[PDB]
Amino acid sequence: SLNXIX
Amino acid sequence: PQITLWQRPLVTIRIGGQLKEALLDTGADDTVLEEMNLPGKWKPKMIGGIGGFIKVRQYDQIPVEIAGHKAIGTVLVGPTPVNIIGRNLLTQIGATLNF
Amino acid sequence: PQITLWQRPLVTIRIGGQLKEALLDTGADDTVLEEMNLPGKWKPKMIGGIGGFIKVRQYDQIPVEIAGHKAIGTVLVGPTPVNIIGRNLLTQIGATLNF
C-alpha cells in the first residue's frame, strides 16, 4: 500500500 | 456526522481501552498508528507514503471504535507523523466523500 | 457526487491544459502533482509524511477543476507517485466526509 501530507 | 475540510478530519478512536486521535484519510489504503502495543502476533511489513517506504508491524483483525462506529481489521503501527484511519476501516463504518 | 471508498478515490481534474487523474485526500494538507512544467514563479518547500520529506516547487493561484467544480489555490509540483488533491482545494468544491 500507499498512505498519503504534512 | 458530516465533516468539512477547513480543519484536519481528526477524530477520537478507541483502540482497546485507549483513546487516540486519528485522521480520517481516504488517501491512505491502510490504517497506520504511531508505535503502540496491541495484543497479538505481528508480521513485519512495508507501506510507502509521499516520503518513500517504512517498515511496519502488522496486526490483524483488531477491533477499533471510531466515533462509536465499530470496525474490525488490519491495523498497522510504525513511524507515522499522526495516526491515520485508512480506507480499510473507513469502509466498515461506511464513510463516503460527498460534494 | 457521492464517492465510495472501496477503491482509491481517483477523479479527473484539469491543470494547464492537462486533464489528469488525482487522488482525493482528507489526509493531505496540500495538493501535490507529479512533475509537470507549469509556467509561473515558484518557491521550493519540503512536504512530508510516511517515509519523510521530499522537495517541491510551490505554485500560487493555480486554477484547477475537480470533476466540474473549479478551484484556484496553491499547488506543489514534486516527484510524488500519485496526483493528490489536498484539503486546500477540497474545501473549495465543498467536499465533506460522511458516515
# chains A, B, ... in the order shown; residues from 1 in each chain; ligands from 1
call {"tool": "interface_residues", "arguments": {"of": "chain B", "to": "chain A", "cutoff": "6 Å", "atoms": "only C-alpha atoms", "output": "list in words"}}
result
residues 27, 28, 29, 47, 48, 49 and 50 of chain B
call {"tool": "select_by_dssp", "arguments": {"residues": "chain C", "states": "helix (DSSP H, G or I)", "output": "MDAnalysis selection string"}}
result
chainID C and resid 87:93
call {"tool": "write_last_selection", "arguments": {"atoms": "N, CA, C and O atoms", "output": "PDB file, in the first residue's frame"}}
result
ATOM      1  N   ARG C  87      -6.785  19.161   1.198  1.00  0.00           N
ATOM      2  CA  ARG C  87      -7.940  19.943   1.681  1.00  0.00           C
ATOM      3  C   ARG C  87      -7.840  21.387   1.263  1.00  0.00           C
ATOM      4  O   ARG C  87      -8.820  22.145   1.410  1.00  0.00           O
ATOM      5  N   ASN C  88      -6.671  21.748   0.712  1.00  0.00           N
ATOM      6  CA  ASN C  88      -6.570  23.195   0.370  1.00  0.00           C
ATOM      7  C   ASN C  88      -7.680  23.528  -0.629  1.00  0.00           C
ATOM      8  O   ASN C  88      -8.310  24.600  -0.667  1.00  0.00           O
ATOM      9  N   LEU C  89      -7.857  22.605  -1.503  1.00  0.00           N
ATOM     10  CA  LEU C  89      -8.802  22.665  -2.612  1.00  0.00           C
ATOM     11  C   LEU C  89     -10.066  21.879  -2.339  1.00  0.00           C
ATOM     12  O   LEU C  89     -11.123  22.317  -2.869  1.00  0.00           O
ATOM     13  N   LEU C  90     -10.010  20.833  -1.487  1.00  0.00           N
ATOM     14  CA  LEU C  90     -11.282  20.085  -1.255  1.00  0.00           C
ATOM     15  C   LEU C  90     -12.336  20.994  -0.645  1.00  0.00           C
ATOM     16  O   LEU C  90     -13.517  20.745  -0.938  1.00  0.00           O
ATOM     17  N   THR C  91     -11.812  21.920   0.148  1.00  0.00           N
ATOM     18  CA  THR C  91     -12.663  22.869   0.888  1.00  0.00           C
ATOM     19  C   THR C  91     -13.409  23.802  -0.064  1.00  0.00           C
ATOM     20  O   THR C  91     -14.498  24.193   0.436  1.00  0.00           O
ATOM     21  N   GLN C  92     -12.841  23.983  -1.237  1.00  0.00           N
ATOM     22  CA  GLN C  92     -13.444  24.864  -2.229  1.00  0.00           C
ATOM     23  C   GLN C  92     -14.536  24.267  -3.097  1.00  0.00           C
ATOM     24  O   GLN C  92     -15.365  25.067  -3.649  1.00  0.00           O
ATOM     25  N   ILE C  93     -14.576  22.953  -3.306  1.00  0.00           N
ATOM     26  CA  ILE C  93     -15.691  22.348  -4.093  1.00  0.00           C
ATOM     27  C   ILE C  93     -16.864  22.021  -3.127  1.00  0.00           C
ATOM     28  O   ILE C  93     -18.092  21.997  -3.397  1.00  0.00           O
TER      29      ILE C  93
END
call {"tool": "interface_residues", "arguments": {"of": "chain C", "to": "chain B", "cutoff": "9 Å", "atoms": "only C-alpha atoms", "output": "PyMOL selection string"}}
result
chain C and resi 1-9+23-29+47-54+79-82+84+87-88+90-91+93-99
call {"tool": "atom_distance", "arguments": {"atom1": "CA of residue 39 (chain C)", "atom2": "CA of residue 13 (chain C)"}}
result
18.1 Å
call {"tool": "residues_around", "arguments": {"residues": "residue 62 (chain C)", "least_positions_apart": "2", "cutoff": "7 Å", "atoms": "only C-alpha atoms", "output": "PyMOL selection string"}}
result
chain C and resi 59-60+64+72-75
call {"tool": "write_last_selection", "arguments": {"atoms": "N, CA and C atoms", "output": "mmCIF file, in the first residue's frame"}}
result
data_model
loop_
_atom_site.group_PDB
_atom_site.id
_atom_site.type_symbol
_atom_site.label_atom_id
_atom_site.label_comp_id
_atom_site.auth_asym_id
_atom_site.auth_seq_id
_atom_site.Cartn_x
_atom_site.Cartn_y
_atom_site.Cartn_z
ATOM 1 N N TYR C 59 3.710 26.597 -6.466
ATOM 2 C CA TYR C 59 2.961 27.487 -7.363
ATOM 3 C C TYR C 59 1.743 28.034 -6.639
ATOM 4 N N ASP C 60 1.463 29.293 -6.862
ATOM 5 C CA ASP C 60 0.339 30.028 -6.213
ATOM 6 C C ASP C 60 -0.748 30.351 -7.211
ATOM 7 N N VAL C 64 -7.676 25.034 -11.096
ATOM 8 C CA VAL C 64 -7.876 23.596 -11.169
ATOM 9 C C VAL C 64 -9.385 23.403 -11.297
ATOM 10 N N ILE C 72 -9.119 27.361 -7.346
ATOM 11 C CA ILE C 72 -7.894 28.160 -7.576
ATOM 12 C C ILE C 72 -7.218 28.151 -6.211
ATOM 13 N N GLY C 73 -5.922 27.810 -6.273
ATOM 14 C CA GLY C 73 -5.177 27.750 -4.993
ATOM 15 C C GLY C 73 -3.745 27.357 -5.260
ATOM 16 N N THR C 74 -3.045 26.981 -4.222
ATOM 17 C CA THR C 74 -1.660 26.541 -4.241
ATOM 18 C C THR C 74 -1.597 25.074 -4.696
ATOM 19 N N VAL C 75 -0.442 24.820 -5.278
ATOM 20 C CA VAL C 75 -0.161 23.510 -5.872
ATOM 21 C C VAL C 75 1.341 23.307 -5.853
#
call {"tool": "calpha_fit_and_write", "arguments": {"fixed": "chain B", "moving": "chain C", "output": "compact mmCIF listing (two decimals) with N, CA, C and O atoms, in the first residue's frame"}}
result
# COMPACT_ATOMS: atom_id res chain seq x y z
N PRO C 1 -21.79 11.65 11.41
CA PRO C 1 -21.54 13.04 11.07
C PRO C 1 -21.40 13.39 9.59
O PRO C 1 -21.46 12.64 8.60
N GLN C 2 -21.17 14.69 9.46
CA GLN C 2 -20.90 15.38 8.17
C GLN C 2 -19.63 16.15 8.60
O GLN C 2 -19.95 17.07 9.37
N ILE C 3 -18.47 15.73 8.18
CA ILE C 3 -17.26 16.48 8.61
C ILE C 3 -16.71 17.38 7.52
O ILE C 3 -16.56 16.86 6.42
N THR C 4 -16.40 18.64 7.80
CA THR C 4 -15.83 19.54 6.79
C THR C 4 -14.30 19.38 6.74
O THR C 4 -13.66 18.86 7.72
N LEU C 5 -13.73 19.86 5.61
CA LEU C 5 -12.31 19.82 5.34
C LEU C 5 -11.43 21.06 5.57
O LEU C 5 -10.25 21.08 5.15
N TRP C 6 -11.90 22.08 6.26
CA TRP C 6 -11.21 23.34 6.63
C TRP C 6 -10.06 22.98 7.58
O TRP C 6 -9.00 23.64 7.61
N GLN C 7 -10.28 21.92 8.34
CA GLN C 7 -9.18 21.53 9.27
C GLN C 7 -8.89 20.08 9.04
O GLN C 7 -9.68 19.38 8.39
N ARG C 8 -7.79 19.55 9.51
CA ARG C 8 -7.54 18.07 9.27
C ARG C 8 -8.69 17.30 9.85
O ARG C 8 -9.12 17.66 10.98
N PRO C 9 -9.20 16.27 9.19
CA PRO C 9 -10.33 15.52 9.78
C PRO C 9 -9.98 14.64 10.96
O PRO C 9 -10.11 13.44 10.79
N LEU C 10 -9.61 15.18 12.13
CA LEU C 10 -9.25 14.49 13.36
C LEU C 10 -10.46 14.02 14.15
O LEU C 10 -11.30 14.86 14.48
N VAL C 11 -10.48 12.78 14.54
CA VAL C 11 -11.62 12.17 15.25
C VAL C 11 -11.12 11.26 16.38
O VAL C 11 -9.92 10.93 16.48
N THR C 12 -12.02 10.88 17.27
CA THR C 12 -11.62 9.97 18.36
C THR C 12 -12.15 8.59 17.97
O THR C 12 -13.25 8.46 17.41
N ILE C 13 -11.27 7.68 18.20
CA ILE C 13 -11.23 6.25 18.07
C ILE C 13 -10.74 5.66 19.41
O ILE C 13 -10.13 6.35 20.24
N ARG C 14 -10.92 4.37 19.52
CA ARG C 14 -10.42 3.68 20.73
C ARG C 14 -9.79 2.35 20.37
O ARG C 14 -10.50 1.55 19.75
N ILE C 15 -8.57 2.11 20.78
CA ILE C 15 -7.93 0.81 20.48
C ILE C 15 -7.36 0.27 21.79
O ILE C 15 -6.85 1.08 22.60
N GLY C 16 -7.42 -1.06 21.87
CA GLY C 16 -6.92 -1.64 23.17
C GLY C 16 -7.84 -0.87 24.15
O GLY C 16 -9.10 -0.87 24.00
N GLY C 17 -7.19 -0.19 25.07
CA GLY C 17 -8.05 0.61 26.00
C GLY C 17 -7.97 2.06 25.55
O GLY C 17 -8.76 2.98 25.81
N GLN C 18 -6.91 2.27 24.81
CA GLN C 18 -6.54 3.59 24.27
C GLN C 18 -7.68 4.27 23.53
O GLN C 18 -8.41 3.70 22.70
N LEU C 19 -7.77 5.54 23.94
CA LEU C 19 -8.78 6.42 23.31
C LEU C 19 -7.81 7.29 22.52
O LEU C 19 -6.91 7.78 23.22
N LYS C 20 -7.88 7.39 21.23
CA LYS C 20 -6.92 8.19 20.42
C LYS C 20 -7.56 9.11 19.38
O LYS C 20 -8.78 9.12 19.07
N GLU C 21 -6.78 10.02 18.82
CA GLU C 21 -7.25 10.95 17.77
C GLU C 21 -6.56 10.51 16.47
O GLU C 21 -5.30 10.56 16.40
N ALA C 22 -7.36 10.04 15.54
CA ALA C 22 -6.78 9.57 14.26
C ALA C 22 -7.18 10.51 13.14
O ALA C 22 -8.18 11.19 13.33
N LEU C 23 -6.51 10.57 12.04
CA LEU C 23 -6.91 11.39 10.89
C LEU C 23 -7.71 10.55 9.93
O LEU C 23 -7.25 9.48 9.52
N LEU C 24 -8.91 10.99 9.54
CA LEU C 24 -9.67 10.24 8.49
C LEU C 24 -9.02 10.41 7.10
O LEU C 24 -8.85 11.60 6.67
N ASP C 25 -8.80 9.31 6.41
CA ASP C 25 -8.15 9.49 5.11
C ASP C 25 -8.38 8.55 3.95
O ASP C 25 -7.91 7.42 3.78
N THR C 26 -9.09 9.19 3.02
CA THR C 26 -9.43 8.57 1.71
C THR C 26 -8.14 8.30 0.95
O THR C 26 -8.21 7.34 0.14
N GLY C 27 -7.01 8.91 1.16
CA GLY C 27 -5.75 8.65 0.50
C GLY C 27 -4.92 7.58 1.19
O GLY C 27 -3.77 7.25 0.79
N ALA C 28 -5.46 6.91 2.23
CA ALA C 28 -4.76 5.86 2.95
C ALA C 28 -5.34 4.53 2.58
O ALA C 28 -6.55 4.35 2.87
N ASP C 29 -4.52 3.63 2.11
CA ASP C 29 -5.03 2.29 1.77
C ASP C 29 -5.21 1.51 3.08
O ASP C 29 -6.19 0.74 3.01
N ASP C 30 -4.35 1.75 4.04
CA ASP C 30 -4.41 1.05 5.31
C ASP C 30 -4.50 2.07 6.45
O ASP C 30 -4.39 3.27 6.17
N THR C 31 -4.71 1.40 7.63
CA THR C 31 -4.81 2.20 8.87
C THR C 31 -3.41 2.00 9.47
O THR C 31 -2.88 0.87 9.43
N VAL C 32 -2.86 3.06 9.93
CA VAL C 32 -1.56 3.21 10.55
C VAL C 32 -1.73 4.02 11.83
O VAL C 32 -2.38 5.06 11.96
N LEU C 33 -1.13 3.47 12.87
CA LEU C 33 -1.14 4.08 14.20
C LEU C 33 0.34 4.23 14.57
O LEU C 33 1.20 3.56 14.00
N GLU C 34 0.54 5.16 15.48
CA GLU C 34 1.93 5.35 15.89
C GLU C 34 2.24 4.25 16.92
O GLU C 34 1.30 3.58 17.40
N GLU C 35 3.53 4.13 17.18
CA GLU C 35 3.96 3.10 18.14
C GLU C 35 3.01 3.14 19.35
O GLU C 35 2.50 4.10 19.95
N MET C 36 2.70 1.92 19.66
CA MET C 36 1.90 1.32 20.68
C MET C 36 2.24 -0.19 20.67
O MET C 36 2.67 -0.87 19.73
N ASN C 37 2.00 -0.65 21.89
CA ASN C 37 2.26 -2.07 22.25
C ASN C 37 1.07 -3.01 22.33
O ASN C 37 0.75 -3.44 23.43
N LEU C 38 0.46 -3.31 21.18
CA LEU C 38 -0.69 -4.22 21.24
C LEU C 38 -0.20 -5.68 21.34
O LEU C 38 0.78 -6.08 20.71
N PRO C 39 -0.95 -6.39 22.15
CA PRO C 39 -0.69 -7.83 22.33
C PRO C 39 -1.21 -8.44 21.03
O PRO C 39 -2.25 -8.01 20.47
N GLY C 40 -0.57 -9.47 20.57
CA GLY C 40 -0.98 -10.15 19.34
C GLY C 40 0.31 -10.44 18.55
O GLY C 40 1.43 -9.97 18.82
N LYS C 41 0.03 -11.30 17.60
CA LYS C 41 0.98 -11.78 16.61
C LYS C 41 0.90 -10.70 15.51
O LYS C 41 -0.17 -10.08 15.32
N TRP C 42 2.06 -10.56 14.88
CA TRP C 42 2.21 -9.62 13.77
C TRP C 42 3.18 -10.16 12.71
O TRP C 42 3.87 -11.17 12.89
N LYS C 43 3.19 -9.41 11.63
CA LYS C 43 4.02 -9.59 10.44
C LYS C 43 4.53 -8.17 10.12
O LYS C 43 3.80 -7.19 10.33
N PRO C 44 5.75 -8.12 9.69
CA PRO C 44 6.31 -6.82 9.30
C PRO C 44 5.75 -6.66 7.89
O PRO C 44 5.22 -7.54 7.23
N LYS C 45 5.88 -5.48 7.37
CA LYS C 45 5.55 -4.95 6.06
C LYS C 45 6.04 -3.49 6.12
O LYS C 45 6.38 -2.89 7.13
N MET C 46 6.11 -3.08 4.90
CA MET C 46 6.58 -1.77 4.42
C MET C 46 5.41 -1.11 3.70
O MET C 46 4.72 -1.76 2.90
N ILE C 47 5.20 0.12 4.17
CA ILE C 47 4.11 0.93 3.57
C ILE C 47 4.84 2.21 3.11
O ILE C 47 5.86 2.70 3.70
N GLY C 48 4.41 2.77 2.03
CA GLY C 48 4.99 3.99 1.46
C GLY C 48 4.04 5.11 1.01
O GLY C 48 2.79 4.98 0.94
N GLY C 49 4.70 6.23 0.67
CA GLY C 49 3.95 7.42 0.21
C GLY C 49 4.91 8.58 0.05
O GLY C 49 6.08 8.17 -0.01
N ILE C 50 4.52 9.84 -0.01
CA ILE C 50 5.52 10.89 -0.19
C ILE C 50 6.77 10.60 0.65
O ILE C 50 6.53 10.37 1.87
N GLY C 51 8.01 10.64 0.19
CA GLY C 51 9.17 10.44 1.08
C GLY C 51 9.73 9.05 1.23
O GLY C 51 10.77 8.85 1.86
N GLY C 52 9.10 8.05 0.67
CA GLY C 52 9.36 6.63 0.58
C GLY C 52 8.62 5.66 1.48
O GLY C 52 7.41 5.82 1.78
N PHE C 53 9.40 4.66 1.96
CA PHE C 53 8.92 3.58 2.83
C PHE C 53 9.33 3.63 4.27
O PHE C 53 10.37 4.16 4.67
N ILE C 54 8.52 3.05 5.12
CA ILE C 54 8.70 2.87 6.57
C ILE C 54 8.18 1.45 6.92
O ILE C 54 7.15 0.96 6.39
N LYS C 55 8.87 0.87 7.86
CA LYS C 55 8.49 -0.51 8.27
C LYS C 55 7.44 -0.43 9.36
O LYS C 55 7.38 0.52 10.18
N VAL C 56 6.62 -1.50 9.26
CA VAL C 56 5.48 -1.53 10.23
C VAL C 56 5.18 -3.01 10.56
O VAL C 56 5.56 -3.85 9.75
N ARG C 57 4.57 -3.08 11.72
CA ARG C 57 4.18 -4.35 12.31
C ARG C 57 2.71 -4.32 11.95
O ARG C 57 2.01 -3.34 12.14
N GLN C 58 2.27 -5.39 11.42
CA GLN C 58 0.89 -5.62 10.98
C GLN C 58 0.16 -6.62 11.85
O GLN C 58 0.53 -7.80 12.00
N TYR C 59 -0.87 -6.08 12.45
CA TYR C 59 -1.85 -6.73 13.33
C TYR C 59 -3.14 -6.98 12.56
O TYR C 59 -3.52 -6.15 11.76
N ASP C 60 -3.73 -8.13 12.80
CA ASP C 60 -4.97 -8.58 12.11
C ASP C 60 -6.14 -8.60 13.07
O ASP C 60 -5.83 -8.63 14.26
N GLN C 61 -7.34 -8.47 12.60
CA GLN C 61 -8.56 -8.48 13.43
C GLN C 61 -8.58 -7.70 14.74
O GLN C 61 -8.84 -8.14 15.90
N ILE C 62 -8.31 -6.40 14.55
CA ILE C 62 -8.24 -5.48 15.67
C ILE C 62 -9.47 -4.59 15.64
O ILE C 62 -9.58 -3.85 14.66
N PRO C 63 -10.23 -4.71 16.69
CA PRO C 63 -11.43 -3.92 16.94
C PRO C 63 -11.01 -2.48 17.23
O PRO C 63 -10.13 -2.16 18.04
N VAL C 64 -11.69 -1.64 16.55
CA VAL C 64 -11.53 -0.19 16.58
C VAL C 64 -12.95 0.37 16.64
O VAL C 64 -13.93 -0.36 16.31
N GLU C 65 -13.03 1.60 17.09
CA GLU C 65 -14.34 2.32 17.23
C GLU C 65 -14.05 3.78 16.91
O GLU C 65 -13.40 4.56 17.61
N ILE C 66 -14.58 4.08 15.73
CA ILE C 66 -14.44 5.41 15.09
C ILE C 66 -15.75 6.15 15.29
O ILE C 66 -16.83 5.85 14.78
N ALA C 67 -15.64 7.16 16.15
CA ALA C 67 -16.71 8.05 16.55
C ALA C 67 -18.07 7.37 16.65
O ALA C 67 -19.14 7.80 16.21
N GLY C 68 -18.05 6.26 17.40
CA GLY C 68 -19.12 5.41 17.81
C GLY C 68 -19.64 4.30 16.96
O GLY C 68 -20.61 3.62 17.33
N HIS C 69 -18.99 4.15 15.84
CA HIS C 69 -19.14 3.15 14.79
C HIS C 69 -17.97 2.18 15.03
O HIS C 69 -16.79 2.59 14.85
N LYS C 70 -18.17 0.96 15.46
CA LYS C 70 -17.02 0.08 15.69
C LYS C 70 -16.68 -0.58 14.35
O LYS C 70 -17.44 -0.67 13.39
N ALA C 71 -15.47 -1.10 14.34
CA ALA C 71 -15.00 -1.82 13.12
C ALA C 71 -13.98 -2.81 13.67
O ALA C 71 -13.72 -2.76 14.88
N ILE C 72 -13.52 -3.65 12.78
CA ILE C 72 -12.54 -4.71 13.08
C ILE C 72 -11.83 -4.91 11.74
O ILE C 72 -12.44 -5.06 10.63
N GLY C 73 -10.49 -4.89 11.86
CA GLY C 73 -9.71 -5.06 10.61
C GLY C 73 -8.23 -5.02 10.93
O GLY C 73 -7.99 -5.20 12.10
N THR C 74 -7.42 -4.86 9.92
CA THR C 74 -5.97 -4.77 9.99
C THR C 74 -5.57 -3.35 10.42
O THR C 74 -6.27 -2.34 10.22
N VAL C 75 -4.41 -3.37 11.05
CA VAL C 75 -3.84 -2.15 11.63
C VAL C 75 -2.33 -2.33 11.67
O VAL C 75 -1.83 -3.31 12.24
N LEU C 76 -1.69 -1.35 11.12
CA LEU C 76 -0.26 -1.21 10.99
C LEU C 76 0.27 -0.32 12.10
O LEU C 76 -0.23 0.80 12.20
N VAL C 77 1.21 -0.78 12.90
CA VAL C 77 1.76 0.08 14.01
C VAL C 77 3.14 0.39 13.49
O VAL C 77 3.82 -0.58 13.07
N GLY C 78 3.50 1.64 13.47
CA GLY C 78 4.82 2.03 12.94
C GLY C 78 5.06 3.47 13.34
O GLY C 78 4.15 4.11 13.84
N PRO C 79 6.28 3.94 13.10
CA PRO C 79 6.66 5.31 13.49
C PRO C 79 6.12 6.41 12.59
O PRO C 79 6.92 7.21 12.05
N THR C 80 4.80 6.44 12.45
CA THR C 80 4.11 7.45 11.63
C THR C 80 3.76 8.65 12.51
O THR C 80 3.38 8.41 13.65
N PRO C 81 3.90 9.87 11.99
CA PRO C 81 3.67 11.12 12.70
C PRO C 81 2.24 11.51 13.00
O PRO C 81 2.08 12.61 13.51
N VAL C 82 1.27 10.74 12.68
CA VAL C 82 -0.15 10.95 12.89
C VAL C 82 -0.80 9.56 12.84
O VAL C 82 -0.29 8.64 12.16
N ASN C 83 -1.90 9.55 13.57
CA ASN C 83 -2.70 8.31 13.55
C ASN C 83 -3.59 8.49 12.27
O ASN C 83 -4.22 9.56 12.23
N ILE C 84 -3.54 7.49 11.43
CA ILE C 84 -4.30 7.49 10.19
C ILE C 84 -5.37 6.41 10.08
O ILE C 84 -5.02 5.24 10.38
N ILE C 85 -6.58 6.71 9.67
CA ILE C 85 -7.67 5.71 9.47
C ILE C 85 -7.77 5.61 7.92
O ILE C 85 -8.11 6.58 7.23
N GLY C 86 -7.42 4.46 7.43
CA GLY C 86 -7.40 4.21 5.98
C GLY C 86 -8.72 3.69 5.50
O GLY C 86 -9.56 3.57 6.39
N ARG C 87 -8.91 3.48 4.20
CA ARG C 87 -10.20 3.00 3.68
C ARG C 87 -10.48 1.58 4.13
O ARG C 87 -11.61 1.09 3.95
N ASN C 88 -9.46 0.96 4.74
CA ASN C 88 -9.73 -0.45 5.11
C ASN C 88 -10.92 -0.47 6.06
O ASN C 88 -11.80 -1.36 6.09
N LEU C 89 -10.90 0.49 6.91
CA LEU C 89 -11.87 0.69 7.98
C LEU C 89 -12.89 1.76 7.64
O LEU C 89 -14.05 1.61 8.13
N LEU C 90 -12.55 2.73 6.77
CA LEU C 90 -13.59 3.76 6.47
C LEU C 90 -14.81 3.12 5.83
O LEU C 90 -15.90 3.66 6.07
N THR C 91 -14.50 2.07 5.08
CA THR C 91 -15.53 1.34 4.32
C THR C 91 -16.52 0.65 5.25
O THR C 91 -17.65 0.52 4.71
N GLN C 92 -16.06 0.37 6.45
CA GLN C 92 -16.90 -0.31 7.43
C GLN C 92 -17.84 0.56 8.24
O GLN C 92 -18.86 0.00 8.77
N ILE C 93 -17.56 1.85 8.42
CA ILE C 93 -18.52 2.73 9.15
C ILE C 93 -19.54 3.31 8.13
O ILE C 93 -20.74 3.64 8.34
N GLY C 94 -19.14 3.42 6.88
CA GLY C 94 -19.89 3.82 5.72
C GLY C 94 -19.59 5.24 5.32
O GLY C 94 -20.52 5.97 4.87
N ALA C 95 -18.33 5.53 5.55
CA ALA C 95 -17.86 6.91 5.21
C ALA C 95 -17.99 7.00 3.68
O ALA C 95 -17.69 6.01 3.00
N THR C 96 -18.38 8.17 3.25
CA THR C 96 -18.54 8.58 1.87
C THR C 96 -17.95 9.98 1.67
O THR C 96 -18.00 10.85 2.54
N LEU C 97 -17.40 10.23 0.47
CA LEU C 97 -16.93 11.56 0.06
C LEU C 97 -18.12 12.18 -0.75
O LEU C 97 -18.54 11.54 -1.71
N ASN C 98 -18.49 13.36 -0.36
CA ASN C 98 -19.60 14.04 -1.06
C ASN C 98 -19.36 15.49 -1.45
O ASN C 98 -19.11 16.29 -0.52
N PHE C 99 -19.50 15.83 -2.71
CA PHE C 99 -19.36 17.22 -3.17
C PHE C 99 -20.43 17.36 -4.25
O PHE C 99 -20.22 18.29 -5.07
call {"tool": "decode", "arguments": {"residues": "chain A", "atoms": "N, CA and C atoms", "output": "PDB file, in the first residue's frame"}}
result
ATOM      1  N   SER A   1       0.725  -1.237   0.000  1.00  0.00           N
ATOM      2  CA  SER A   1       0.000   0.000   0.000  1.00  0.00           C
ATOM      3  C   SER A   1       0.765   1.306   0.000  1.00  0.00           C
ATOM      4  N   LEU A   2      -0.144   2.255  -0.257  1.00  0.00           N
ATOM      5  CA  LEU A   2       0.273   3.662  -0.326  1.00  0.00           C
ATOM      6  C   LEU A   2      -0.576   4.358   0.712  1.00  0.00           C
ATOM      7  N   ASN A   3       0.042   5.245   1.455  1.00  0.00           N
ATOM      8  CA  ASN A   3      -0.528   6.026   2.563  1.00  0.00           C
ATOM      9  C   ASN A   3       0.060   7.450   2.559  1.00  0.00           C
ATOM     10  N   UNK A   4      -0.849   8.288   2.073  1.00  0.00           N
ATOM     11  CA  UNK A   4      -0.700   9.736   1.900  1.00  0.00           C
ATOM     12  C   UNK A   4       0.422  12.759   4.475  1.00  0.00           C
ATOM     13  N   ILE A   5       0.145  14.045   4.339  1.00  0.00           N
ATOM     14  CA  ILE A   5       0.762  15.094   3.575  1.00  0.00           C
ATOM     15  C   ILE A   5       0.875  16.145   4.752  1.00  0.00           C
ATOM     16  N   UNK A   6       2.103  16.546   5.000  1.00  0.00           N
ATOM     17  CA  UNK A   6       2.254  17.483   6.132  1.00  0.00           C
ATOM     18  C   UNK A   6       3.291  18.530   5.872  1.00  0.00           C
TER      19      UNK A   6
END
